[PDB]
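Novice: Which chain is which? The protein sequence lines are A and B, in order. Following the entry's author numbering, the numbering of the first sequence begins with 8 at its first residue and continues without gaps. Following the entry's author numbering, the numbering of the second sequence begins with 6 at its first residue and continues without gaps. Have a look at this one before I ask anything.
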Amino acid sequence: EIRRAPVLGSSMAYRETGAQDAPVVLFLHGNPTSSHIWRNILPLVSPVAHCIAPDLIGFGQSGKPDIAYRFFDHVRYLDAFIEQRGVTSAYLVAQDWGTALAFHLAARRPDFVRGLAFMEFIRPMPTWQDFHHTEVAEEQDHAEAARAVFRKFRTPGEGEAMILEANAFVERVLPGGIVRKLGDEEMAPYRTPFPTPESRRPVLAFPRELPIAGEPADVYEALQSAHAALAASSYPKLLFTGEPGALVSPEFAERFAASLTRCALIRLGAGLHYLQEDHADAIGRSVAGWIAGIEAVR
Amino acid sequence: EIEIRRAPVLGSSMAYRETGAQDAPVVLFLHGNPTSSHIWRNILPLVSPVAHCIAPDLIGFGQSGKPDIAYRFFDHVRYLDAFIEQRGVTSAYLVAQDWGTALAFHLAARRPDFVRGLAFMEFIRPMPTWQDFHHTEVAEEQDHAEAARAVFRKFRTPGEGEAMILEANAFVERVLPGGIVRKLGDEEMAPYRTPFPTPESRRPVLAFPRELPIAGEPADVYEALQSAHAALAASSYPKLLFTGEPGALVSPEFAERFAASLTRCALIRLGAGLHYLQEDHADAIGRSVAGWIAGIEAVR
Ligand SMILES: OC[C@H]1O[C@@](CO)(O[C@H]2O[C@H](CO)[C@@H](O)[C@H](O)[C@H]2O)[C@@H](O)[C@@H]1O
Ligand SMILES: OC[C@H]1O[C@@](CO)(O[C@H]2O[C@H](CO)[C@@H](O)[C@H](O)[C@H]2O)[C@@H](O)[C@@H]1O
Ligand SMILES: OC[C@H]1O[C@@](CO)(O[C@H]2O[C@H](CO)[C@@H](O)[C@H](O)[C@H]2O)[C@@H](O)[C@@H]1O
Ligand SMILES: [Cl-]
Ligand SMILES: [Cl-]
């Protein structure tokens, strides 16, 4: 069921399933997706949880206010959505920019977080080498092409042409990070939120928010702080990795998980950035088991 | 990844598959009739990242020894207990199907301090009448359920079961594929046959249906499993029950009421499946179990 909540004088669409008398799980998408990306995962988790999957402001079926769509704008709208829905605590399941939102939420409200399941996550990246980082000789080529594209996204004029005019994030980056080829009916709901250049403003804003080489400084610092909190947190964590992944290499995932407390690491196999589309059943089954286990003993 | 090893047990030996970090919690995987640790082969790789996985072949099954014993349920209890002691396992998760669940329930009733959690499916319970065997509320399942009762009544009949199971190898050749929705590949089916090259080698396979707790017979097993089920109902350790549609020993409707009656039991619905759920749902079961263990161990 796909519903709409009034949020800050605009609205956010969201998908909801499960008995609403169970622990809440918030599913947080990133760029350039929507709650659509969780569509095959939700039915596997709904038997054990009240699943809520919002569309970020300016994404999916959410409102399109005339705002900057910076990371901190998303923070405000997501906070307001959570308040409006009356959610007092939740598990968080996140990918891409959803992870930055999840990390920042957890840092500000540690009492809120029952657990964090995450994948293909954002972290401060001191150099461009740390974006699509990997130590695997065969992957060096793919990594450099990603770097080259996102450098252009973050270049004035060039990013506008690519994303606003040519729709490169939806038409190229999205399919580029899915191993399988989506059916027409699966791809179409990724296109429908973004019919015009103006509508694509949020999709351009996001790569310009990535914390790379100190910029943008405010996001970089916020995410450094959020990551410090995560490393100091004691709630359960579940990290998924694909092979070779994109933002998170399998070897990095192992090191990162070991750098936290109470972080399990689940290996999904062949995958790139949008792991949900290649591994929905594995993700859903894993998350559901994990919530069941936590709730049994917490 | 996965090594196959052998342990000396009570003068004989049990084979077992082992994979995972030796500093992780132990998970014991327990097969039933007429299978072996082979049935866990596609589940083990999904749990080994979070746990030290140990999957024994029951005495007289798979690559385990074939001592001259009756292969009654209590014989299996003794050999499994002895295996656990020999490997020096002091606590474990249990993952079980079929007679594996009877063994797990009986172990948990005697040594609840040993059980970190129980994940189970298509399990054995005391069945006061034949109608409780392959019980279905569903009109369109009734004939198939009746056929199953007729087959197992024959297995339990002196002379008849011998002809069917020892001579015709019906448990391996018919009952097993009968309880799998997909068709197994030749290479997947062959390791189910190799433990049982002769009629006499099939004695443990004939022994099991004759141990099923149905209408009070055999009395010792019926009593033991009544007691084990009482303990399960009162138990406080985490549980995970998987169900297929329609299943075989456990109907979806029965599963839902059963899980809801227990303490700390989650129910995981797998979709189309019969008795040998691992073969149709290895990935779903493995991912579920791994997530569940990871969650529990994160909270202590
Ligand atoms: O052990 C299973 C699984 O649990 C995790 C957290 O989900 O780690 C917990 O258990 C480990 C083994 O006992 C401990 O070493 C660890 O401190 C604890 O958090 C995963 O890391 C592990 O794979
Ligand atoms: O879930 C596996 C994941 O957990 C980590 C800690 O983040 O290690 C745990 O699990 C290992 C595998 O069983 C144990 O050997 C280890 O002692 C335990 O802390 C990661 O190393 C691993 O990727
Ligand atoms: O809650 C999800 C899942 O957890 C289980 C046990 O695995 O139940 C636990 O959580 C419930 C909600 O917090 C509690 O009411 C219950 O007592 C606790 O065991 C499953 O039953 C449930 O589906
Ligand atoms: Cl981005
Ligand atoms: Cl049997």
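No residue lacks a Cβ here, since even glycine has one placed at the ideal position from N, Cα and C.
1) Spatial neighbours of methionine 19/B within its chain, please: CB distance less than 8 Å, with the 5 preceding and 5 following residues excluded, ordered by chain position.
2) Taking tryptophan 45/B as the reference, which of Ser206/B, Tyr197/B and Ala224/B has the closest Cα?
3) May I ask you to report which of helix, strand or coil DSSP gives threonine 248/A?
4) Strictly by DSSP, which residues pair up with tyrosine 76/A?
5) In angstroms with no decimal places, state the Cα-to-Cα distance between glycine 183/B and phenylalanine 138/A.
6) Provide the residue(s) that pair with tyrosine 98/A in DSSP beta bridges, ordered along the chain.
7) Please name the residue, chosen from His36/B, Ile9/B and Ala101/B, that lies closest to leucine 245/B on a Cα-to-Cα basis.
8) Identify the continuous beta strand (DSSP E) that holds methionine 169/B and give its terminal residues.
9) Along the chain, where does the alpha helix (DSSP H) containing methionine 194/B start, and where does it finish?
10) Helix, strand or coil for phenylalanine 128/B per DSSP?
11) Compile a chain-ordered list of the residues in the region 242-260 of chain A whose CB is closer than 7 Å to at least one CB of chain B.
12) What's the C-alpha gap between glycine 164/A and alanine 109/A?
13) Which residues in the same chain have their Cβ closer than 7 Å to the Cβ of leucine 275/A, if we skip the five residues on either side of it in sequence?
14) Rounded to the nearest angstrom, what separates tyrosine 227/A and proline 131/A at their Cα positions?
15) Listing by chain order, which chain B residues have their CB less than 9 Å from the CB of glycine 300/A?
16) Suppose the cutoff is 6 Å on Cβ atoms and the five residues either side in sequence are ignored; what does the same chain contact list for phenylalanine 119/A look like?
17) Based on Cα-Cα distance, which residue from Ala264/B, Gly67/B, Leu33/B and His149/B lies nearest to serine 206/B?
18) Which runs of the alpha helix (DSSP H) fall wholly inside the region 132-187 of chain B and span at least 4 residues, in chain order?
19) Would you kindly report the start and end of the unbroken beta strand (DSSP E) that includes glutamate 23/B?
20) On the three-state DSSP scale, how would you describe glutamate 284/A?
21) Could you spell out the range, first to last residue, of the beta strand (DSSP E) harbouring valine 14/A?
22) Alpha carbon to alpha carbon, how far is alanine 212/A from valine 31/A?
23) To which residues of the same chain is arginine 269/B closer than 8 Å at the C-beta, ignoring the five residues directly before and after it?
24) Which residues of chain A have a Cβ atom closer than 8 Å to the Cβ of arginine 292/B, listed in chain order?
25) Have a look at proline 202/B and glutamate 6/B and give me their C-alpha separation to the nearest angstrom.
26) Closer than 7 Å, Cβ to any Cβ of chain A: which residues of the region 47-71 of chain B, in chain order?
27) Classify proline 117/A as helix, strand or coil using the three-state DSSP reduction.
28) Helix, strand or coil for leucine 254/B? Go by DSSP, reduced to three states.
29) Quick one: grab the DSSP three-state call for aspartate 62/B.
30) In terms of alpha-carbon separation, which member of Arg305/B, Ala303/B and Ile298/B lies closest to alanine 56/B?
31) Indicate the three-state DSSP secondary structure (helix, strand or coil) for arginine 269/B in the structure shown.
32) Compute the Euclidean distance between the alpha carbons of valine 156/B and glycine 300/B, then round it to the nearest angstrom.
33) By Cβ distance, which residues of its chain are closer than 8 Å to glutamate 302/A, with the 5 residues on each side in sequence left out?
Specialist: Reading from the atomic positions:
1) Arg11, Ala12, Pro61, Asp62, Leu63, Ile64, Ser69, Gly70, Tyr84 and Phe88
2) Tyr197/B
3) strand
4) Paired residues: none, contrary to the question.
5) 52 Å
6) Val32/A and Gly122/A
7) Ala101/B
8) Unbroken run through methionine 169/B: none, as it is neither H nor E.
9) 191-198
10) strand
11) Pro243 and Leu245
12) 31 Å
13) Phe247, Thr248, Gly249, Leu282, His286 and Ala289
14) 6 Å
15) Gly122, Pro243, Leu245, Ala271, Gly296, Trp297, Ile298, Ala299, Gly300, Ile301, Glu302, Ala303 and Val304
16) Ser96
17) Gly67/B
18) 147-160
19) 17-24
20) helix
21) 9-14
22) 30 Å
23) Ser241, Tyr242, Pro243 and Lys244
24) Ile273, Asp288, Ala289, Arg292, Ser293 and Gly296
25) 29 Å
26) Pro54 and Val55
27) helix
28) coil
29) coil
30) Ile298/B
31) coil
32) 42 Å
33) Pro30 and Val55
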